[PDB]
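*Asks:* Got a structure for you, questions after.
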Protein chains: 8
Amino acid sequence: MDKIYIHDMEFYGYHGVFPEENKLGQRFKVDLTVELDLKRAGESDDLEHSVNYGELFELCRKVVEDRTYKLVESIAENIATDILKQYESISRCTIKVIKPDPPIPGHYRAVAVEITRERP
Amino acid sequence: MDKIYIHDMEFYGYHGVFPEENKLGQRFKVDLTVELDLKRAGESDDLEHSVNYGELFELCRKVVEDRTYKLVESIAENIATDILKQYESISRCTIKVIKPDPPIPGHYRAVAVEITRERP
Amino acid sequence: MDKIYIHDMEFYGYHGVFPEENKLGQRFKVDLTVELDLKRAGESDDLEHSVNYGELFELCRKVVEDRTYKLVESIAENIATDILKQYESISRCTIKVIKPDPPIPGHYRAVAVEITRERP
Amino acid sequence: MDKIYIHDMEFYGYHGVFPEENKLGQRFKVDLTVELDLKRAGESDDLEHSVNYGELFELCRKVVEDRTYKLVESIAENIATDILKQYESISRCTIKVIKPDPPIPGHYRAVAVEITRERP
Amino acid sequence: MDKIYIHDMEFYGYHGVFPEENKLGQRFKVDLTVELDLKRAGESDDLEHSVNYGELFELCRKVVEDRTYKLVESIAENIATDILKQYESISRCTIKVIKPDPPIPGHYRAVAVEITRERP
Amino acid sequence: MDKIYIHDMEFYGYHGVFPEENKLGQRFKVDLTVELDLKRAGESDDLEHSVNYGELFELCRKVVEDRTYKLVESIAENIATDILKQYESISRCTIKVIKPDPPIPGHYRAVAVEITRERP
Amino acid sequence: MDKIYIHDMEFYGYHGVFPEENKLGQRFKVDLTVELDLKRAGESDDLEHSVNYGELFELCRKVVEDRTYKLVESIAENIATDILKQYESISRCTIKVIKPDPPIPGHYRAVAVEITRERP
Amino acid sequence: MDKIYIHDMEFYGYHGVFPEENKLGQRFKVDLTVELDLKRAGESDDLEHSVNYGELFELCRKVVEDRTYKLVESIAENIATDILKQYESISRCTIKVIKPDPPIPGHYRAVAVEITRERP
């Protein structure tokens, strides 16, 4: 189905299991995909037949920056949950939450969680 | 099925919902995928058994640069529509339209719309 | 299904078919994907309802750096095997092992092996 | 199924429709994916239960550099054809041939053709 | 002399000569370099003898995001001036203010201004 | 002195010694640096005391795309000359003209020429 | 003079002023440059007349990973000092210590310190 | 003075002190800069007054791929020497020879040597 993307949103949050992460904080990145039929929007050039991605950004901003969880998994679930609650037009969404600088002695690009959620 | 790609075409257009975007303009990027059986072209080395991607580029150039819409969704729909009208050989096409520098206070790589279209 | 990623882990190992590779060694990179239902972890914000990716990293570290095989294929199989043995919560995993600097006179980015493994 | 990759092989060839491309030549890039069950190779650490990707590279080198076609589509077909002829172990392969610097006045990253081929 | 760098700070600001830029805003990037004797700090491992680069970031964040000018030149002049004003130990500084997405119809990576300042 | 940059302007031109290049064309890139006192502009926030870099882009776009030379050296000389001719406040400039895709059989990122010019 | 470089060495260390950084750790990067006359080595193809850069790496790995300081300035000072101490043929060196992921709430690529050292 | 660059030439060579490197080989990269007066060439658009950079590439390809040394220092010395020997108009040159994949157990981007040469 037609999809809207928001690529590589960068936030600074305080999520983590260690209390030392809650004090220091670190970068968190989010990739967003929402599914929805967008033919009526492109047919009509009318934004009410689509979804404002500027709001989609503010949703992820609040979950990552205005809150503090232990698991990045909780970030993905609350982001996806809040997407499906407020946009009935969206049928399904895939949320990827990236932790690029975790306290994992080693060498890597990032660790990440990725979920797909739809309504029952 | 066999596919032709045109990766990361960069245009400068004036699409957007805000009138201040229509005056200033901004970058727009398009990723194109068309589906079509290309065995006969590779078997014969004859361009009429394939599709000239140089024309495929000019199609996207006109829709993004020679026109001004409100929604990038309308860019993807008109690009895909004009592909399917003029190339009967193409069975299906996926159009991705990227807005890398939208007026969204925040931090991200881009927002994008992506559709898949075929004939009825 | 919900997935955990570990992107682009870089190790230095001594795997290879040529004995001259076993003496010199070279870079090896691993991309990891594990499948598992992570709703209960995001619902509860409790790490025991998910998998510690810091351990997931140490698993790949041992297979690539604490051992020496002939084939990178054996790296992917042992990494995936050791994932499925120790985490019953993981249903399926996809392992990609990258050899970026092989003794292949030519020009390329990398050669890689990629497998998907689940329990019988 | 298990897969072997060769990422972003760079060659210099003389393929093209215009005679001016046949004289000047240009860069050509190839991404290769072959499908084959690699458990027996990783189980045994024995290269005869897998495929030498160094030969896989030389196959693409000859088709792109030792020959001159009109269409890049013919490059993908002959590469895939020669893969399936010489390696019965390979069940399916996907070939992507990239033309990064075509004579297309405009702005883009590349144009490319991508096919998937198996035995009848 | 010795140097401290703060590489590629990314902000969202509303600078610009045109009124449409002040309403819409756009990304702004800053590269910072300051010059000072760091030998005492490295020998003694004592921040008392160096400059907190977390403050240097806040100084830059202040000019770009807490203020709105017509010119990016004014960002560079006010960042620099604020530095020599507050840090006696800093002898010289080079400020580079990047406007990656200006309203210039064309194809480019960015435009920027760079200044170097010391005390008379 | 202080500096203005226009980083990685990308054009499509028909420069080249060989006649086949003039018919086919290829990408051309230009890095621009101009030197001038920017202190008045940053202090007063007044473009009257600086140089419109939107014009500096158009000057470069003029030489590369509105003209065809044999040498990229001629691009650099004509860009520079046009700058010192039109901008009294500019004391010195460095022009770098990149030919990323020349017809040189080989493996490389680009070839380029760079000149620096001031008034006698 | 002539120069040897060791570009973008990546380590994991526990440096930092805050106690939480010493417990958690983070990535540290180092760019190394040493200056020395290399003409004898290039003319004679004899390492006896140059410096083993495998040792230069181990010297850097020693300071970053075998030691823990408060300041990255101390990394640079101890790397440099260890170089001029052990390599008579090296006349001057420039050390740059990068902290890509400091606990600074904000958006940036990295912060770093850079020193240059010679003998009195 | 004015300059010509040949950026990131990639070769495959068999240089190295250890015998295992000579048997296996590895990538080698070269950055070239030559200095010369280019004003005549840019003013007259006449290659007669400049240097064919296609030859400069072949000179570099000659030393790296047609020869095998112990040291990368010898690559730089022989590339430079061959340049000042064959191009009277070139006043000075800087050669940088990159060994991206040396057999150093560790994590880094590359090691390299850089020399600058002029005539006595």
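Quick note on naming: the chains in the structure tokens go A, B, ... in the order shown, residues restart at 1 in each chain, and ligands are numbered from 1 in order of appearance.
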Any idea which chain G residues end up within 9 Å of chain H if we count only C-alpha atoms, as a PyMOL selection string please?

*Replies:* chain G and resi 1-11+29-30+37-39+41-47+50+53-54+57-58+61

*Asks:* Can you write out the residues you just picked, keeping C-alpha atoms, as a PDB file, in the first residue's frame?

*Replies:*
ATOM      1  CA  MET G   1      58.326  17.255   5.831  1.00  0.00           C
ATOM      2  CA  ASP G   2      57.063  13.793   4.901  1.00  0.00           C
ATOM      3  CA  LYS G   3      54.255  12.251   6.899  1.00  0.00           C
ATOM      4  CA  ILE G   4      52.697   9.006   8.076  1.00  0.00           C
ATOM      5  CA  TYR G   5      48.990   8.887   8.905  1.00  0.00           C
ATOM      6  CA  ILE G   6      46.827   6.363  10.850  1.00  0.00           C
ATOM      7  CA  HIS G   7      43.292   7.558   9.927  1.00  0.00           C
ATOM      8  CA  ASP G   8      40.225   7.134  12.210  1.00  0.00           C
ATOM      9  CA  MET G   9      41.427   4.584  14.781  1.00  0.00           C
ATOM     10  CA  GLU G  10      38.311   3.573  16.728  1.00  0.00           C
ATOM     11  CA  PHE G  11      38.584   2.501  20.363  1.00  0.00           C
ATOM     12  CA  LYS G  29      38.619   8.022  17.833  1.00  0.00           C
ATOM     13  CA  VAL G  30      42.158   9.197  17.102  1.00  0.00           C
ATOM     14  CA  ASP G  37      62.151  12.292   6.456  1.00  0.00           C
ATOM     15  CA  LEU G  38      60.893   9.329   4.417  1.00  0.00           C
ATOM     16  CA  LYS G  39      63.215   9.751   1.423  1.00  0.00           C
ATOM     17  CA  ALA G  41      62.826   4.561   3.038  1.00  0.00           C
ATOM     18  CA  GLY G  42      61.201   5.211  -0.334  1.00  0.00           C
ATOM     19  CA  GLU G  43      64.526   5.115  -2.162  1.00  0.00           C
ATOM     20  CA  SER G  44      65.779   1.943  -0.451  1.00  0.00           C
ATOM     21  CA  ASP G  45      62.433   0.171   0.159  1.00  0.00           C
ATOM     22  CA  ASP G  46      63.820  -0.599   3.628  1.00  0.00           C
ATOM     23  CA  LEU G  47      61.662  -0.319   6.756  1.00  0.00           C
ATOM     24  CA  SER G  50      61.082   4.378   8.451  1.00  0.00           C
ATOM     25  CA  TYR G  53      52.977   2.138  11.738  1.00  0.00           C
ATOM     26  CA  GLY G  54      51.741  -1.099  13.313  1.00  0.00           C
ATOM     27  CA  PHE G  57      48.765   1.978  16.255  1.00  0.00           C
ATOM     28  CA  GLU G  58      49.707  -0.026  19.340  1.00  0.00           C
ATOM     29  CA  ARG G  61      45.695   1.717  21.445  1.00  0.00           C
TER      30      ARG G  61
END

*Asks:* Give chain B as a compact mmCIF listing (two decimals) with N, CA and C atoms, in the first residue's frame once it has been least-squares superposed onto chain C over every C-alpha atom, paired in order.

*Replies:*
# COMPACT_ATOMS: atom_id res chain seq x y z
N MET B 1 7.33 -10.10 12.02
CA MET B 1 7.35 -10.05 13.53
C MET B 1 8.33 -8.99 14.01
N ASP B 2 8.24 -8.63 15.29
CA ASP B 2 9.15 -7.65 15.86
C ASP B 2 10.58 -8.19 15.81
N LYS B 3 11.53 -7.28 15.64
CA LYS B 3 12.91 -7.68 15.40
C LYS B 3 13.87 -6.77 16.15
N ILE B 4 15.02 -7.34 16.49
CA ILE B 4 16.15 -6.61 17.07
C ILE B 4 17.29 -6.66 16.07
N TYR B 5 17.91 -5.51 15.83
CA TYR B 5 19.04 -5.41 14.92
C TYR B 5 20.31 -5.06 15.69
N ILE B 6 21.45 -5.53 15.18
CA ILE B 6 22.76 -5.02 15.56
C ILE B 6 23.49 -4.74 14.25
N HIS B 7 23.67 -3.47 13.92
CA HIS B 7 24.13 -3.07 12.60
C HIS B 7 25.65 -2.96 12.58
N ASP B 8 26.28 -3.70 11.66
CA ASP B 8 27.66 -3.46 11.24
C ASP B 8 28.65 -3.59 12.39
N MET B 9 28.61 -4.73 13.07
CA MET B 9 29.64 -5.04 14.05
C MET B 9 30.94 -5.33 13.32
N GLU B 10 32.03 -4.68 13.74
CA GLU B 10 33.33 -4.86 13.12
C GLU B 10 34.23 -5.66 14.06
N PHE B 11 34.81 -6.74 13.54
CA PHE B 11 35.76 -7.56 14.27
C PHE B 11 37.01 -7.72 13.42
N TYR B 12 38.10 -8.15 14.07
CA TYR B 12 39.31 -8.57 13.38
C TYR B 12 39.53 -10.04 13.66
N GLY B 13 39.48 -10.86 12.61
CA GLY B 13 39.61 -12.30 12.75
C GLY B 13 40.66 -12.85 11.81
N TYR B 14 40.82 -14.18 11.87
CA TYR B 14 41.84 -14.89 11.11
C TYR B 14 41.26 -16.00 10.24
N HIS B 15 39.96 -15.93 9.95
CA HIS B 15 39.31 -16.92 9.11
C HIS B 15 39.75 -16.77 7.66
N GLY B 16 39.66 -17.86 6.92
CA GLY B 16 40.01 -17.86 5.51
C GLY B 16 40.51 -19.22 5.09
N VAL B 17 40.49 -19.46 3.78
CA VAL B 17 40.92 -20.75 3.23
C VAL B 17 42.44 -20.83 3.03
N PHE B 18 43.01 -19.72 2.59
CA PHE B 18 44.46 -19.62 2.36
C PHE B 18 45.13 -19.62 3.73
N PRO B 19 46.27 -20.30 3.91
CA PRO B 19 46.97 -20.25 5.18
C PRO B 19 47.51 -18.83 5.40
N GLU B 20 47.69 -18.06 4.34
CA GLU B 20 48.30 -16.70 4.44
C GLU B 20 47.26 -15.77 5.05
N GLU B 21 45.98 -16.08 4.92
CA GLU B 21 44.94 -15.33 5.62
C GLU B 21 44.90 -15.68 7.10
N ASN B 22 45.16 -16.94 7.44
CA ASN B 22 45.17 -17.34 8.84
C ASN B 22 46.30 -16.67 9.61
N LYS B 23 47.41 -16.39 8.94
CA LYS B 23 48.52 -15.70 9.60
C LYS B 23 48.26 -14.21 9.70
N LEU B 24 47.77 -13.60 8.62
CA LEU B 24 47.64 -12.14 8.59
C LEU B 24 46.36 -11.68 9.26
N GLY B 25 45.24 -12.34 8.96
CA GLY B 25 43.95 -11.90 9.45
C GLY B 25 43.43 -10.71 8.68
N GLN B 26 42.17 -10.38 8.94
CA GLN B 26 41.51 -9.31 8.21
C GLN B 26 40.24 -8.90 8.94
N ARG B 27 39.64 -7.82 8.46
CA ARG B 27 38.38 -7.36 9.03
C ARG B 27 37.26 -8.34 8.70
N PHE B 28 36.33 -8.50 9.63
CA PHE B 28 35.07 -9.20 9.37
C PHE B 28 33.95 -8.40 10.00
N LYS B 29 32.84 -8.24 9.27
CA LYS B 29 31.68 -7.50 9.74
C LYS B 29 30.47 -8.42 9.77
N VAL B 30 29.58 -8.17 10.73
CA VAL B 30 28.40 -9.00 10.93
C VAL B 30 27.19 -8.09 11.13
N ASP B 31 26.12 -8.36 10.38
CA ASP B 31 24.81 -7.77 10.60
C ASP B 31 23.90 -8.84 11.19
N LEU B 32 23.21 -8.52 12.28
CA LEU B 32 22.40 -9.48 13.00
C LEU B 32 20.95 -9.00 13.03
N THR B 33 20.04 -9.93 12.76
CA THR B 33 18.61 -9.73 12.95
C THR B 33 18.04 -10.93 13.68
N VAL B 34 17.37 -10.70 14.81
CA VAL B 34 16.65 -11.75 15.52
C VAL B 34 15.17 -11.40 15.52
N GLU B 35 14.32 -12.41 15.37
CA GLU B 35 12.88 -12.23 15.42
C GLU B 35 12.35 -12.72 16.76
N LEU B 36 11.38 -11.98 17.30
CA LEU B 36 10.78 -12.31 18.59
C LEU B 36 9.66 -11.31 18.87
N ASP B 37 8.60 -11.75 19.54
CA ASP B 37 7.51 -10.84 19.88
C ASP B 37 7.95 -9.93 21.02
N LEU B 38 8.02 -8.63 20.75
CA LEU B 38 8.52 -7.66 21.71
C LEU B 38 7.42 -6.77 22.28
N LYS B 39 6.16 -7.10 22.05
CA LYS B 39 5.08 -6.29 22.60
C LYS B 39 5.08 -6.33 24.12
N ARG B 40 5.29 -7.52 24.70
CA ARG B 40 5.28 -7.64 26.15
C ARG B 40 6.41 -6.83 26.79
N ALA B 41 7.53 -6.66 26.10
CA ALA B 41 8.62 -5.86 26.64
C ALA B 41 8.29 -4.38 26.58
N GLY B 42 7.79 -3.91 25.44
CA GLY B 42 7.38 -2.52 25.33
C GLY B 42 6.16 -2.19 26.16
N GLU B 43 5.26 -3.16 26.33
CA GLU B 43 4.11 -2.95 27.20
C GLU B 43 4.55 -2.73 28.64
N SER B 44 5.55 -3.49 29.09
CA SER B 44 5.92 -3.51 30.50
C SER B 44 7.20 -2.76 30.82
N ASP B 45 8.01 -2.43 29.82
CA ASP B 45 9.29 -1.75 30.04
C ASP B 45 10.22 -2.59 30.92
N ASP B 46 10.17 -3.91 30.74
CA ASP B 46 10.92 -4.86 31.56
C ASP B 46 11.82 -5.69 30.67
N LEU B 47 13.13 -5.66 30.95
CA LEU B 47 14.10 -6.23 30.02
C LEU B 47 13.99 -7.74 29.91
N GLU B 48 13.49 -8.42 30.96
CA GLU B 48 13.31 -9.87 30.88
C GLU B 48 12.23 -10.30 29.89
N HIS B 49 11.37 -9.38 29.44
CA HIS B 49 10.45 -9.66 28.35
C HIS B 49 11.04 -9.33 26.99
N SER B 50 12.35 -9.05 26.95
CA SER B 50 13.09 -8.88 25.70
C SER B 50 14.44 -9.56 25.85
N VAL B 51 15.34 -9.31 24.90
CA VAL B 51 16.66 -9.93 24.87
C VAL B 51 17.71 -8.83 24.97
N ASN B 52 18.69 -9.03 25.85
CA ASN B 52 19.80 -8.09 25.99
C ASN B 52 20.69 -8.19 24.75
N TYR B 53 20.71 -7.12 23.94
CA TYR B 53 21.54 -7.13 22.74
C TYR B 53 23.02 -7.02 23.06
N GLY B 54 23.37 -6.59 24.28
CA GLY B 54 24.77 -6.60 24.67
C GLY B 54 25.34 -8.00 24.73
N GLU B 55 24.51 -8.97 25.14
CA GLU B 55 24.92 -10.36 25.06
C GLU B 55 24.94 -10.82 23.61
N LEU B 56 23.94 -10.42 22.82
CA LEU B 56 23.92 -10.76 21.40
C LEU B 56 25.21 -10.33 20.72
N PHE B 57 25.76 -9.19 21.13
CA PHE B 57 27.03 -8.75 20.57
C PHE B 57 28.17 -9.68 20.99
N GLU B 58 28.23 -10.03 22.28
CA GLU B 58 29.31 -10.87 22.76
C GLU B 58 29.28 -12.25 22.11
N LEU B 59 28.09 -12.76 21.80
CA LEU B 59 28.00 -14.01 21.05
C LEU B 59 28.72 -13.89 19.71
N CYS B 60 28.42 -12.86 18.93
CA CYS B 60 29.10 -12.73 17.65
C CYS B 60 30.59 -12.46 17.82
N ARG B 61 30.96 -11.73 18.87
CA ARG B 61 32.37 -11.45 19.11
C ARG B 61 33.17 -12.74 19.28
N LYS B 62 32.63 -13.68 20.05
CA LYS B 62 33.36 -14.92 20.30
C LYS B 62 33.50 -15.75 19.04
N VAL B 63 32.42 -15.86 18.25
CA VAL B 63 32.46 -16.72 17.08
C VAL B 63 33.43 -16.17 16.04
N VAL B 64 33.52 -14.85 15.92
CA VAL B 64 34.37 -14.26 14.89
C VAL B 64 35.80 -14.08 15.37
N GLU B 65 36.00 -13.71 16.63
CA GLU B 65 37.33 -13.36 17.12
C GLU B 65 37.99 -14.45 17.95
N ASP B 66 37.23 -15.25 18.68
CA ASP B 66 37.79 -16.31 19.51
C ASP B 66 37.91 -17.64 18.77
N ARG B 67 37.63 -17.65 17.47
CA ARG B 67 37.71 -18.87 16.67
C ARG B 67 38.29 -18.54 15.30
N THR B 68 38.73 -19.59 14.60
CA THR B 68 39.29 -19.45 13.26
C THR B 68 38.74 -20.57 12.40
N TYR B 69 37.96 -20.21 11.38
CA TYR B 69 37.40 -21.16 10.44
C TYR B 69 37.98 -20.93 9.05
N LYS B 70 37.66 -21.84 8.13
CA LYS B 70 38.03 -21.64 6.74
C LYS B 70 37.01 -20.75 6.04
N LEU B 71 35.73 -21.05 6.22
CA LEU B 71 34.66 -20.37 5.50
C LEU B 71 33.94 -19.38 6.41
N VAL B 72 33.59 -18.22 5.85
CA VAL B 72 32.69 -17.30 6.55
C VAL B 72 31.31 -17.93 6.70
N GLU B 73 30.97 -18.89 5.84
CA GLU B 73 29.71 -19.61 5.99
C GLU B 73 29.63 -20.28 7.35
N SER B 74 30.76 -20.80 7.84
CA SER B 74 30.78 -21.43 9.16
C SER B 74 30.59 -20.42 10.27
N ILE B 75 31.03 -19.18 10.04
CA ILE B 75 30.76 -18.11 11.00
C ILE B 75 29.26 -17.88 11.09
N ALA B 76 28.59 -17.72 9.95
CA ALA B 76 27.15 -17.45 10.02
C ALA B 76 26.38 -18.60 10.68
N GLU B 77 26.75 -19.84 10.38
CA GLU B 77 26.02 -20.98 10.93
C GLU B 77 26.20 -21.08 12.44
N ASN B 78 27.43 -20.91 12.93
CA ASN B 78 27.67 -21.03 14.36
C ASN B 78 27.07 -19.86 15.13
N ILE B 79 27.10 -18.66 14.55
CA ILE B 79 26.45 -17.52 15.19
C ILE B 79 24.95 -17.78 15.33
N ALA B 80 24.31 -18.18 14.23
CA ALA B 80 22.87 -18.44 14.27
C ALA B 80 22.56 -19.62 15.17
N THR B 81 23.37 -20.68 15.11
CA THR B 81 23.14 -21.83 15.96
C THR B 81 23.19 -21.43 17.43
N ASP B 82 24.20 -20.65 17.81
CA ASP B 82 24.34 -20.27 19.21
C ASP B 82 23.26 -19.28 19.61
N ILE B 83 22.69 -18.54 18.68
CA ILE B 83 21.56 -17.69 19.05
C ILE B 83 20.36 -18.55 19.43
N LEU B 84 20.02 -19.51 18.58
CA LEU B 84 18.80 -20.29 18.79
C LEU B 84 18.92 -21.21 20.00
N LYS B 85 20.13 -21.59 20.38
CA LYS B 85 20.29 -22.48 21.52
C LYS B 85 20.00 -21.76 22.83
N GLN B 86 20.46 -20.52 22.96
CA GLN B 86 20.49 -19.84 24.24
C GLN B 86 19.31 -18.89 24.47
N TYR B 87 18.55 -18.56 23.43
CA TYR B 87 17.40 -17.67 23.56
C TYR B 87 16.18 -18.36 22.95
N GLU B 88 15.44 -19.07 23.80
CA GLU B 88 14.20 -19.69 23.36
C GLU B 88 13.19 -18.65 22.89
N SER B 89 13.32 -17.42 23.39
CA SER B 89 12.38 -16.37 23.00
C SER B 89 12.51 -16.00 21.53
N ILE B 90 13.68 -16.20 20.94
CA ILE B 90 13.91 -15.83 19.55
C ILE B 90 13.37 -16.94 18.66
N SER B 91 12.48 -16.57 17.74
CA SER B 91 11.87 -17.54 16.84
C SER B 91 12.71 -17.78 15.59
N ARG B 92 13.35 -16.75 15.06
CA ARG B 92 14.11 -16.85 13.82
C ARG B 92 15.15 -15.73 13.82
N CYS B 93 16.26 -15.98 13.13
CA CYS B 93 17.32 -14.99 13.05
C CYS B 93 18.00 -15.07 11.69
N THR B 94 18.43 -13.91 11.20
CA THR B 94 19.13 -13.79 9.93
C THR B 94 20.51 -13.19 10.20
N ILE B 95 21.55 -13.91 9.79
CA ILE B 95 22.93 -13.52 10.04
C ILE B 95 23.60 -13.21 8.71
N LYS B 96 24.25 -12.05 8.64
CA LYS B 96 25.02 -11.64 7.46
C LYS B 96 26.45 -11.40 7.90
N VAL B 97 27.39 -12.11 7.29
CA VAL B 97 28.81 -12.01 7.61
C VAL B 97 29.52 -11.43 6.40
N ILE B 98 30.18 -10.29 6.60
CA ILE B 98 30.77 -9.52 5.52
C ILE B 98 32.29 -9.64 5.60
N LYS B 99 32.91 -9.94 4.46
CA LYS B 99 34.36 -9.96 4.29
C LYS B 99 34.72 -8.77 3.42
N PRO B 100 35.06 -7.61 3.99
CA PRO B 100 35.23 -6.41 3.16
C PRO B 100 36.55 -6.35 2.40
N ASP B 101 37.56 -7.13 2.78
CA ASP B 101 38.90 -7.00 2.22
C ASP B 101 39.49 -8.37 1.93
N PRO B 102 38.82 -9.17 1.07
CA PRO B 102 39.27 -10.50 0.72
C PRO B 102 40.43 -10.45 -0.27
N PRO B 103 41.18 -11.56 -0.47
CA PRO B 103 42.25 -11.59 -1.46
C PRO B 103 41.66 -11.87 -2.85
N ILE B 104 40.82 -10.98 -3.38
CA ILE B 104 40.16 -11.12 -4.72
C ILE B 104 40.66 -9.99 -5.64
N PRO B 105 41.77 -10.12 -6.38
CA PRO B 105 42.22 -9.01 -7.25
C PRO B 105 41.05 -8.45 -8.04
N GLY B 106 40.72 -7.20 -7.77
CA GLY B 106 39.58 -6.57 -8.43
C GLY B 106 39.14 -5.34 -7.65
N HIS B 107 37.91 -4.92 -7.93
CA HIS B 107 37.34 -3.72 -7.32
C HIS B 107 35.90 -4.00 -6.93
N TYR B 108 35.58 -3.75 -5.67
CA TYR B 108 34.28 -4.09 -5.11
C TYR B 108 34.21 -3.46 -3.73
N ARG B 109 33.01 -3.49 -3.15
CA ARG B 109 32.86 -3.05 -1.77
C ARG B 109 33.10 -4.20 -0.80
N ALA B 110 32.52 -5.37 -1.06
CA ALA B 110 32.66 -6.50 -0.15
C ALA B 110 32.06 -7.74 -0.79
N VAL B 111 32.42 -8.89 -0.23
CA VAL B 111 31.72 -10.15 -0.46
C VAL B 111 31.10 -10.54 0.88
N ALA B 112 29.97 -11.23 0.83
CA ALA B 112 29.25 -11.53 2.06
C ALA B 112 28.43 -12.80 1.90
N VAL B 113 28.18 -13.45 3.03
CA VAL B 113 27.28 -14.59 3.12
C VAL B 113 26.15 -14.20 4.06
N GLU B 114 24.94 -14.70 3.77
CA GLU B 114 23.77 -14.33 4.55
C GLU B 114 22.84 -15.53 4.61
N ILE B 115 22.50 -15.96 5.83
CA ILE B 115 21.65 -17.12 6.04
C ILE B 115 20.51 -16.72 6.97
N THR B 116 19.43 -17.50 6.91
CA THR B 116 18.31 -17.40 7.83
C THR B 116 18.11 -18.77 8.47
N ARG B 117 17.99 -18.80 9.79
CA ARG B 117 17.86 -20.05 10.52
C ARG B 117 16.76 -19.95 11.56
N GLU B 118 16.01 -21.04 11.72
CA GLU B 118 15.01 -21.17 12.76
C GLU B 118 15.11 -22.57 13.34
N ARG B 119 14.35 -22.82 14.40
CA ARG B 119 14.33 -24.15 14.98
C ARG B 119 13.43 -25.06 14.15
N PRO B 120 13.72 -26.37 14.12
CA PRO B 120 12.90 -27.33 13.37
C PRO B 120 11.42 -27.25 13.73

*Asks:* Can you pull out every residue from chain D that DSSP, working from the backbone, puts in strand (DSSP E or B), and format the result as a ChimeraX atom specification?

*Replies:* /D:3-13,26-35,92-99,110-118

*Asks:* Apply DSSP to the backbone of this structure and, from chain C, keep only the residues in helix (DSSP H, G or I); write these as a PyMOL selection string.

*Replies:* chain C and resi 19-24+39-44+47-49+53-65+72-86
